[PDB]
$ cat final.tsv   # TSV, C-alpha atoms
chain	number	residue	atom	x	y	z
J	123	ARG	CA	-8.04	-42.59	-18.10
J	124	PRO	CA	-10.58	-43.09	-15.26
J	125	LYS	CA	-10.84	-40.22	-12.75
J	126	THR	CA	-10.09	-40.88	-9.06
J	127	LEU	CA	-12.25	-37.95	-7.91
J	128	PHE	CA	-15.38	-39.51	-6.36
J	129	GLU	CA	-17.88	-37.84	-4.02
J	130	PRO	CA	-21.00	-38.85	-2.02
J	131	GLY	CA	-24.02	-39.22	-4.35
J	132	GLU	CA	-21.72	-39.73	-7.36
J	133	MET	CA	-22.59	-42.69	-9.63
J	134	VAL	CA	-19.81	-45.19	-10.38
J	135	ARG	CA	-19.32	-48.27	-12.59
J	136	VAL	CA	-18.27	-51.80	-11.54
J	137	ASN	CA	-16.20	-53.97	-13.92
J	138	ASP	CA	-14.66	-56.52	-11.52
J	139	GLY	CA	-16.07	-59.39	-9.43
J	140	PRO	CA	-19.74	-60.53	-9.63
J	141	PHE	CA	-20.69	-56.83	-9.43
J	142	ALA	CA	-18.99	-56.26	-12.81
J	143	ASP	CA	-21.25	-54.77	-15.50
J	144	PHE	CA	-23.27	-52.89	-12.85
J	145	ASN	CA	-23.56	-49.21	-11.85
J	146	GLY	CA	-24.33	-47.56	-8.49
J	147	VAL	CA	-23.65	-44.48	-6.33
J	148	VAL	CA	-20.97	-43.93	-3.66
J	149	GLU	CA	-22.83	-43.05	-0.44
J	150	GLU	CA	-19.56	-42.98	1.53
J	151	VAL	CA	-15.90	-42.69	0.47
J	152	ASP	CA	-12.68	-43.70	2.26
J	153	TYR	CA	-9.51	-42.20	0.75
J	154	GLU	CA	-7.47	-43.34	3.78
J	155	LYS	CA	-8.62	-46.95	3.32
J	156	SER	CA	-8.63	-46.52	-0.48
J	157	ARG	CA	-12.17	-47.92	-0.70
J	158	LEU	CA	-15.44	-46.51	-2.10
J	159	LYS	CA	-18.80	-47.31	-0.46
J	160	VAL	CA	-21.15	-47.85	-3.43
J	161	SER	CA	-24.27	-50.06	-3.57
J	162	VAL	CA	-25.44	-51.93	-6.69
J	163	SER	CA	-29.15	-52.15	-7.56
J	164	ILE	CA	-29.37	-55.96	-7.65
J	165	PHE	CA	-32.69	-57.85	-7.47
J	166	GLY	CA	-34.30	-54.39	-7.35
J	167	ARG	CA	-32.52	-53.70	-4.03
J	168	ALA	CA	-29.37	-51.61	-3.42
J	169	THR	CA	-26.31	-53.70	-2.48
J	170	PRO	CA	-23.89	-51.35	-0.65
J	171	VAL	CA	-20.48	-52.91	-1.40
J	172	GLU	CA	-16.91	-51.58	-1.09
J	173	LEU	CA	-15.01	-51.40	-4.40
J	174	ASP	CA	-11.51	-50.07	-5.15
J	175	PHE	CA	-11.04	-47.07	-7.48
J	176	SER	CA	-9.64	-49.37	-10.18
J	177	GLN	CA	-12.33	-51.98	-9.44
J	178	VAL	CA	-14.98	-49.43	-10.47
J	179	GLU	CA	-15.02	-46.60	-13.04
J	180	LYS	CA	-16.31	-43.04	-12.50
J	181	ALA	CA	-19.71	-42.49	-14.15
$ encode --input "final.tsv" --output "structure tokens"
Amino acid sequence: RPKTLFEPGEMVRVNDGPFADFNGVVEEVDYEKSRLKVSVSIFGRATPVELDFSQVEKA
């Protein structure tokens, strides 16, 4: 029962696509476009990617 309440600075979880099994924070959110702006710490660098609410889980 994942929550759809996400806010800037909130950590999220990715379980779909190559970013699956990775966590990150949502710097920007887009309820109108139904997309969350969260980056994944890959290679030691943040990777700001857009994931859907179902594509990622609230942390």
$ atom_distance --input "final.tsv" --atom1 "CA of residue 161 (chain J)" --atom2 "CA of residue 126 (chain J)"
17.8 Å
$ closest_residue --input "final.tsv" --among "J:147, J:153, J:165, J:170" --to "residue 134 (chain J)" --atoms "only C-alpha atoms"
J:147
$ closest_residue --input "final.tsv" --among "J:154, J:125, J:142, J:133" --to "residue 181 (chain J)" --atoms "only C-alpha atoms"
J:133
$ atom_distance --input "final.tsv" --atom1 "CA of residue 132 (chain J)" --atom2 "CA of residue 149 (chain J)"
7.8 Å
$ residues_around --input "final.tsv" --residues "region 171-176 of chain J" --least-positions-apart "3" --cutoff "10 Å" --atoms "all atoms listed in the file" --output "PyMOL selection string"
chain J and resi 124-128+134-139+141+146+148+150-153+155-162+168+179-180
$ decode --input "final.tsv" --residues "region 141-155 of chain J" --atoms "N, CA, C and O atoms" --output "PDB file, in the first residue's frame"
ATOM      1  N   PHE J 141      17.086   1.457 -12.989  1.00  0.00           N
ATOM      2  CA  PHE J 141      17.223   2.171 -11.689  1.00  0.00           C
ATOM      3  C   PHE J 141      16.535   1.363 -10.586  1.00  0.00           C
ATOM      4  O   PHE J 141      16.412   1.809  -9.463  1.00  0.00           O
ATOM      5  N   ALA J 142      16.084   0.178 -10.898  1.00  0.00           N
ATOM      6  CA  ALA J 142      15.404  -0.654  -9.866  1.00  0.00           C
ATOM      7  C   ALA J 142      16.411  -1.047  -8.783  1.00  0.00           C
ATOM      8  O   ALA J 142      17.587  -1.205  -9.043  1.00  0.00           O
ATOM      9  N   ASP J 143      15.960  -1.205  -7.568  1.00  0.00           N
ATOM     10  CA  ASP J 143      16.891  -1.587  -6.471  1.00  0.00           C
ATOM     11  C   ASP J 143      17.768  -0.388  -6.105  1.00  0.00           C
ATOM     12  O   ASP J 143      18.896  -0.538  -5.678  1.00  0.00           O
ATOM     13  N   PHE J 144      17.259   0.803  -6.269  1.00  0.00           N
ATOM     14  CA  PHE J 144      18.064   2.010  -5.930  1.00  0.00           C
ATOM     15  C   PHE J 144      17.177   3.030  -5.212  1.00  0.00           C
ATOM     16  O   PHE J 144      15.982   3.082  -5.420  1.00  0.00           O
ATOM     17  N   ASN J 145      17.753   3.840  -4.367  1.00  0.00           N
ATOM     18  CA  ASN J 145      16.943   4.856  -3.637  1.00  0.00           C
ATOM     19  C   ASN J 145      17.426   6.258  -4.012  1.00  0.00           C
ATOM     20  O   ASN J 145      18.499   6.431  -4.556  1.00  0.00           O
ATOM     21  N   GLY J 146      16.643   7.262  -3.725  1.00  0.00           N
ATOM     22  CA  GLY J 146      17.059   8.652  -4.065  1.00  0.00           C
ATOM     23  C   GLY J 146      16.068   9.645  -3.455  1.00  0.00           C
ATOM     24  O   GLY J 146      15.179   9.273  -2.713  1.00  0.00           O
ATOM     25  N   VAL J 147      16.211  10.905  -3.760  1.00  0.00           N
ATOM     26  CA  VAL J 147      15.277  11.920  -3.198  1.00  0.00           C
ATOM     27  C   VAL J 147      14.560  12.642  -4.340  1.00  0.00           C
ATOM     28  O   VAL J 147      15.081  12.768  -5.431  1.00  0.00           O
ATOM     29  N   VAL J 148      13.369  13.116  -4.100  1.00  0.00           N
ATOM     30  CA  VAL J 148      12.620  13.829  -5.173  1.00  0.00           C
ATOM     31  C   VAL J 148      12.861  15.335  -5.049  1.00  0.00           C
ATOM     32  O   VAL J 148      12.239  16.010  -4.253  1.00  0.00           O
ATOM     33  N   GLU J 149      13.758  15.868  -5.832  1.00  0.00           N
ATOM     34  CA  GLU J 149      14.036  17.330  -5.759  1.00  0.00           C
ATOM     35  C   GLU J 149      12.833  18.105  -6.300  1.00  0.00           C
ATOM     36  O   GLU J 149      12.488  19.160  -5.805  1.00  0.00           O
ATOM     37  N   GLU J 150      12.190  17.589  -7.312  1.00  0.00           N
ATOM     38  CA  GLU J 150      11.009  18.296  -7.882  1.00  0.00           C
ATOM     39  C   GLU J 150       9.876  17.293  -8.109  1.00  0.00           C
ATOM     40  O   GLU J 150      10.107  16.129  -8.368  1.00  0.00           O
ATOM     41  N   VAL J 151       8.652  17.734  -8.011  1.00  0.00           N
ATOM     42  CA  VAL J 151       7.506  16.805  -8.219  1.00  0.00           C
ATOM     43  C   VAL J 151       6.555  17.392  -9.265  1.00  0.00           C
ATOM     44  O   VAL J 151       6.439  18.594  -9.406  1.00  0.00           O
ATOM     45  N   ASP J 152       5.875  16.555  -9.999  1.00  0.00           N
ATOM     46  CA  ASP J 152       4.933  17.064 -11.034  1.00  0.00           C
ATOM     47  C   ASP J 152       3.627  16.268 -10.972  1.00  0.00           C
ATOM     48  O   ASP J 152       3.458  15.282 -11.660  1.00  0.00           O
ATOM     49  N   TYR J 153       2.704  16.689 -10.151  1.00  0.00           N
ATOM     50  CA  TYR J 153       1.411  15.955 -10.046  1.00  0.00           C
ATOM     51  C   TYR J 153       0.646  16.078 -11.365  1.00  0.00           C
ATOM     52  O   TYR J 153      -0.008  15.153 -11.803  1.00  0.00           O
ATOM     53  N   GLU J 154       0.721  17.215 -12.001  1.00  0.00           N
ATOM     54  CA  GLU J 154      -0.003  17.396 -13.291  1.00  0.00           C
ATOM     55  C   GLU J 154       0.547  16.413 -14.327  1.00  0.00           C
ATOM     56  O   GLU J 154      -0.195  15.782 -15.053  1.00  0.00           O
ATOM     57  N   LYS J 155       1.843  16.280 -14.402  1.00  0.00           N
ATOM     58  CA  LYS J 155       2.439  15.339 -15.392  1.00  0.00           C
ATOM     59  C   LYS J 155       2.560  13.946 -14.767  1.00  0.00           C
ATOM     60  O   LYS J 155       3.032  13.016 -15.390  1.00  0.00           O
TER      61      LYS J 155
END
